[PDB]
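Novice: Take a look at this one; I'll ask things after.
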Amino acid sequence: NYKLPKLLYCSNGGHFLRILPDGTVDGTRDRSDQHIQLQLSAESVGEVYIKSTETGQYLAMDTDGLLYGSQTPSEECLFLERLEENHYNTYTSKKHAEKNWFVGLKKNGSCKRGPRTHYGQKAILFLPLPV
Ligand SMILES: [Cl-]
């Protein structure tokens, strides 16, 4: 469910998804970071917003597949959450779903842009953890 905030842990490099105050999105290995606590909320069934509890910014994906933090919950902020094996989830941009653009992190912690993601990568698998 979606009551409590979560960390989204990425198996690829072992990073928690992070939305920085300047709107940059990346990953960090630092479990104590203030900007990795995310409040997921559901829209329609299987659609979620992913919001920084610290800054209130929403996870968003731009027209080049780059993740960024959005002040407002625009249509670029809706993601399709799908449960995969081992309780890992994927998050697909709803706006770009027909191209299968996933939320993803590289092994160095940088965003893996939507067009470079693909089913099967560790980059796109996120395990929700309690804060
Ligand atoms: Cl990339």
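If you're wondering about the labels, chains in the structure tokens are A, B, ... by order shown, residues count from 1 in each chain, ligands from 1 in order shown.
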Give the residues close to ligand 1, within 6 Å, counting only C-alpha atoms and all ligand atoms; write them as number ranges by chain.

Specialist: A: 112-113, 116

Novice: List the neighbours of segment 50-60 of chain A out to 8 Å using only C-alpha atoms; skip same-chain residues closer than 3 positions along the sequence, and give me the result as a ChimeraX atom specification.

Specialist: /A:5,19,21,23,25,34-41,67-73,76-78

Novice: Which residues come within 7 Å of residue 47 of chain A, counting only C-alpha atoms, excluding same-chain residues fewer than 2 positions away, as a list in words?

Specialist: residues 42, 43, 44, 45, 78, 79, 80 and 81 of chain A

Novice: Let's have the selection written as a PDB file, in the first residue's frame, with N, CA and C atoms.

Specialist:
```
ATOM      1  N   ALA A  42      -1.450   6.771  -5.275  1.00  0.00           N
ATOM      2  CA  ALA A  42      -2.078   6.196  -6.452  1.00  0.00           C
ATOM      3  C   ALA A  42      -3.019   7.185  -7.115  1.00  0.00           C
ATOM      4  N   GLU A  43      -3.040   7.165  -8.438  1.00  0.00           N
ATOM      5  CA  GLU A  43      -4.052   7.863  -9.207  1.00  0.00           C
ATOM      6  C   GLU A  43      -5.065   6.775  -9.581  1.00  0.00           C
ATOM      7  N   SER A  44      -5.169   6.418 -10.851  1.00  0.00           N
ATOM      8  CA  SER A  44      -5.977   5.258 -11.201  1.00  0.00           C
ATOM      9  C   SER A  44      -5.193   4.017 -10.817  1.00  0.00           C
ATOM     10  N   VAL A  45      -5.824   2.865 -10.969  1.00  0.00           N
ATOM     11  CA  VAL A  45      -5.211   1.603 -10.598  1.00  0.00           C
ATOM     12  C   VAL A  45      -3.871   1.398 -11.330  1.00  0.00           C
ATOM     13  N   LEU A  78       3.185  11.096 -13.969  1.00  0.00           N
ATOM     14  CA  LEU A  78       2.459   9.853 -13.737  1.00  0.00           C
ATOM     15  C   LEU A  78       3.268   8.663 -14.217  1.00  0.00           C
ATOM     16  N   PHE A  79       3.397   7.644 -13.373  1.00  0.00           N
ATOM     17  CA  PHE A  79       4.145   6.454 -13.731  1.00  0.00           C
ATOM     18  C   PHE A  79       3.287   5.201 -13.571  1.00  0.00           C
ATOM     19  N   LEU A  80       3.526   4.201 -14.412  1.00  0.00           N
ATOM     20  CA  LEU A  80       2.820   2.943 -14.304  1.00  0.00           C
ATOM     21  C   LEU A  80       3.677   1.987 -13.499  1.00  0.00           C
ATOM     22  N   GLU A  81       3.169   1.572 -12.354  1.00  0.00           N
ATOM     23  CA  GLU A  81       3.926   0.740 -11.445  1.00  0.00           C
ATOM     24  C   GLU A  81       3.547  -0.690 -11.732  1.00  0.00           C
TER      25      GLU A  81
END
```

Novice: Point out the residue among A:9, A:16, A:126, A:2 with the least atom-to-atom distance to residue 92 of chain A, counting only C-alpha atoms.

Specialist: A:126

Novice: List every residue of segment 20-119 of chain A that DSSP, applied to the backbone of this structure, assigns to strand (DSSP E), and report them as an NGL selection string.

Specialist: :A and (25-28 or 38-42 or 47-52 or 58-61 or 67-70 or 79-83 or 89-93)

Novice: Keeping only N, CA, C and O atoms, take the residues you just selected and write them out as a compact mmCIF listing (two decimals), in the first residue's frame.

Specialist:
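Just written: result_18.txt:
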```txt
# COMPACT_ATOMS: atom_id res chain seq x y z
N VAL A 25 17.48 14.60 -10.62
CA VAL A 25 17.18 13.29 -10.07
C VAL A 25 18.34 12.35 -10.32
O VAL A 25 18.85 12.28 -11.43
N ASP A 26 18.76 11.63 -9.29
CA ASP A 26 19.86 10.68 -9.43
C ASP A 26 19.70 9.58 -8.38
O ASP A 26 18.61 9.35 -7.88
N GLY A 27 20.78 8.87 -8.08
CA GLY A 27 20.70 7.88 -7.02
C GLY A 27 21.80 8.13 -6.02
O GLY A 27 22.81 8.78 -6.34
N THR A 28 21.62 7.61 -4.80
CA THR A 28 22.69 7.70 -3.81
C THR A 28 22.78 6.39 -3.03
O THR A 28 21.79 5.69 -2.86
N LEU A 38 10.43 8.94 -0.28
CA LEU A 38 9.45 9.19 -1.32
C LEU A 38 8.07 8.74 -0.87
O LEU A 38 7.89 7.66 -0.33
N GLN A 39 7.10 9.60 -1.09
CA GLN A 39 5.71 9.26 -0.85
C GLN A 39 5.07 8.89 -2.17
O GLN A 39 4.92 9.71 -3.07
N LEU A 40 4.70 7.63 -2.29
CA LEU A 40 3.96 7.21 -3.45
C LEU A 40 2.48 7.37 -3.17
O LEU A 40 2.02 7.11 -2.07
N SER A 41 1.75 7.84 -4.18
CA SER A 41 0.30 7.93 -4.07
C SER A 41 -0.30 7.43 -5.37
O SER A 41 0.27 7.61 -6.43
N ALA A 42 -1.45 6.77 -5.27
CA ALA A 42 -2.08 6.20 -6.45
C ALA A 42 -3.02 7.19 -7.11
O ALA A 42 -3.70 7.96 -6.44
N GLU A 47 -1.32 3.33 -11.40
CA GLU A 47 -0.64 4.57 -11.73
C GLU A 47 -0.26 5.24 -10.43
O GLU A 47 -1.04 5.25 -9.48
N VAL A 48 0.95 5.78 -10.35
CA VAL A 48 1.38 6.43 -9.12
C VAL A 48 2.05 7.77 -9.42
O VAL A 48 2.59 7.97 -10.51
N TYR A 49 1.95 8.68 -8.46
CA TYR A 49 2.89 9.81 -8.33
C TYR A 49 3.95 9.43 -7.31
O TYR A 49 3.70 8.68 -6.37
N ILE A 50 5.16 9.96 -7.47
CA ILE A 50 6.25 9.63 -6.59
C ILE A 50 6.79 10.96 -6.13
O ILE A 50 7.33 11.70 -6.93
N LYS A 51 6.61 11.26 -4.85
CA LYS A 51 6.87 12.60 -4.35
C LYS A 51 7.94 12.63 -3.26
O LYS A 51 7.93 11.82 -2.33
N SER A 52 8.86 13.58 -3.36
CA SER A 52 9.82 13.80 -2.29
C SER A 52 9.11 14.31 -1.02
O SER A 52 8.38 15.28 -1.07
N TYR A 58 7.69 16.33 -7.37
CA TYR A 58 7.27 15.07 -7.97
C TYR A 58 8.31 14.55 -8.95
O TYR A 58 8.87 15.31 -9.72
N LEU A 59 8.54 13.24 -8.94
CA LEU A 59 9.35 12.61 -9.98
C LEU A 59 8.64 12.83 -11.30
O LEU A 59 7.40 12.67 -11.37
N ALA A 60 9.41 13.18 -12.33
CA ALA A 60 8.89 13.47 -13.65
C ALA A 60 9.88 12.99 -14.71
O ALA A 60 11.05 12.79 -14.42
N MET A 61 9.41 12.80 -15.95
CA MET A 61 10.31 12.40 -17.02
C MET A 61 10.07 13.31 -18.20
O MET A 61 8.92 13.49 -18.59
N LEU A 67 14.86 12.02 -16.12
CA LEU A 67 14.08 12.26 -14.93
C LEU A 67 14.44 13.62 -14.35
O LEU A 67 15.60 14.05 -14.40
N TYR A 68 13.44 14.27 -13.77
CA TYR A 68 13.65 15.55 -13.09
C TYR A 68 12.59 15.73 -12.00
O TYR A 68 11.59 15.01 -11.97
N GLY A 69 12.81 16.68 -11.10
CA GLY A 69 11.84 17.00 -10.08
C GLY A 69 10.94 18.13 -10.50
O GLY A 69 11.42 19.15 -10.97
N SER A 70 9.64 17.92 -10.36
CA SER A 70 8.63 18.88 -10.80
C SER A 70 7.92 19.49 -9.59
O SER A 70 7.55 18.79 -8.67
N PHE A 79 3.40 7.64 -13.37
CA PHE A 79 4.14 6.45 -13.73
C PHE A 79 3.29 5.20 -13.57
O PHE A 79 2.44 5.14 -12.70
N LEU A 80 3.53 4.20 -14.41
CA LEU A 80 2.82 2.94 -14.30
C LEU A 80 3.68 1.99 -13.50
O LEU A 80 4.79 1.64 -13.89
N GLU A 81 3.17 1.57 -12.35
CA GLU A 81 3.93 0.74 -11.45
C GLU A 81 3.55 -0.69 -11.73
O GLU A 81 2.37 -1.03 -11.71
N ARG A 82 4.54 -1.52 -12.04
CA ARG A 82 4.29 -2.93 -12.30
C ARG A 82 5.14 -3.76 -11.38
O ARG A 82 6.32 -3.47 -11.17
N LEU A 83 4.53 -4.78 -10.81
CA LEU A 83 5.25 -5.65 -9.88
C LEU A 83 5.96 -6.72 -10.69
O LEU A 83 5.35 -7.39 -11.53
N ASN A 89 9.82 -3.59 -8.41
CA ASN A 89 8.82 -2.98 -9.26
C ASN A 89 9.52 -2.23 -10.37
O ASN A 89 10.68 -1.86 -10.22
N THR A 90 8.83 -2.04 -11.49
CA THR A 90 9.26 -1.09 -12.50
C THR A 90 8.27 0.05 -12.56
O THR A 90 7.09 -0.09 -12.21
N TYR A 91 8.76 1.21 -12.99
CA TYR A 91 7.93 2.39 -13.13
C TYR A 91 8.08 2.91 -14.54
O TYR A 91 9.15 3.35 -14.93
N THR A 92 7.00 2.84 -15.32
CA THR A 92 7.03 3.29 -16.70
C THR A 92 6.38 4.66 -16.84
O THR A 92 5.27 4.88 -16.34
N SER A 93 7.01 5.59 -17.56
CA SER A 93 6.37 6.87 -17.81
C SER A 93 5.02 6.67 -18.48
O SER A 93 4.94 5.99 -19.50
```

Novice: Pick the closest to residue 29 of chain A from A:1, A:117, A:100, A:12: which is it, counting only C-alpha atoms?

Specialist: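 Answer, going by the shortest atom-to-atom distance: A:12.
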
Novice: As a list in words, list the residues of segment 5-108 of chain A assigned to helix (DSSP H, G or I) by DSSP on the backbone atoms of this structure.

Specialist: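 Taking segment 5-108 of chain A and keeping helix (DSSP H, G or I) gives residues 75, 76, 77, 85, 86, 87, 97, 98 and 99 of chain A.
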
Novice: Let's have the selection written as a PDB file, in the first residue's frame, with C-alpha atoms.

Specialist:
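Contents of again01.pdb, as written:
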```
ATOM      1  CA  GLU A  75       1.071  14.610 -16.726  1.00  0.00           C
ATOM      2  CA  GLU A  76       4.850  14.014 -16.966  1.00  0.00           C
ATOM      3  CA  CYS A  77       4.740  12.867 -13.321  1.00  0.00           C
ATOM      4  CA  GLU A  85       9.832 -10.880  -9.608  1.00  0.00           C
ATOM      5  CA  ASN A  86      11.197 -10.698  -6.069  1.00  0.00           C
ATOM      6  CA  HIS A  87       9.033  -7.724  -5.093  1.00  0.00           C
ATOM      7  CA  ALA A  97       4.506   4.259 -22.117  1.00  0.00           C
ATOM      8  CA  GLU A  98       4.150   3.266 -25.770  1.00  0.00           C
ATOM      9  CA  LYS A  99       7.946   3.569 -26.061  1.00  0.00           C
TER      10      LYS A  99
END
```

Novice: Measuring between only C-alpha atoms, which one of A:31, A:18, A:122, A:94 shows the shortest distance to residue 106 of chain A?

Specialist: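 Smallest separation from residue 106 of chain A among the options: A:122.
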
Novice: Measuring between only C-alpha atoms, which one of A:103, A:15, A:96, A:109 shows the shortest distance to residue 121 of chain A?

Specialist: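 The closest residue to residue 121 of chain A is A:103.
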
Novice: To one decimal place in Å, what is the distance between atom CA of residue 32 of chain A and atom CA of residue 84 of chain A?

Specialist: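 So the answer is 26.4 Å.
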
Novice: Could you work out how far atom CA of residue 63 of chain A lies from atom CA of residue 14 of chain A, giving the answer in Å with one decimal?

Specialist: 26.5 Å

Novice: Could you check how far atom CA of residue 10 of chain A sits from atom CA of residue 104 of chain A, in Å to one decimal?

Specialist: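 Going from atom CA of residue 10 of chain A over to atom CA of residue 104 of chain A covers 8.0 Å.
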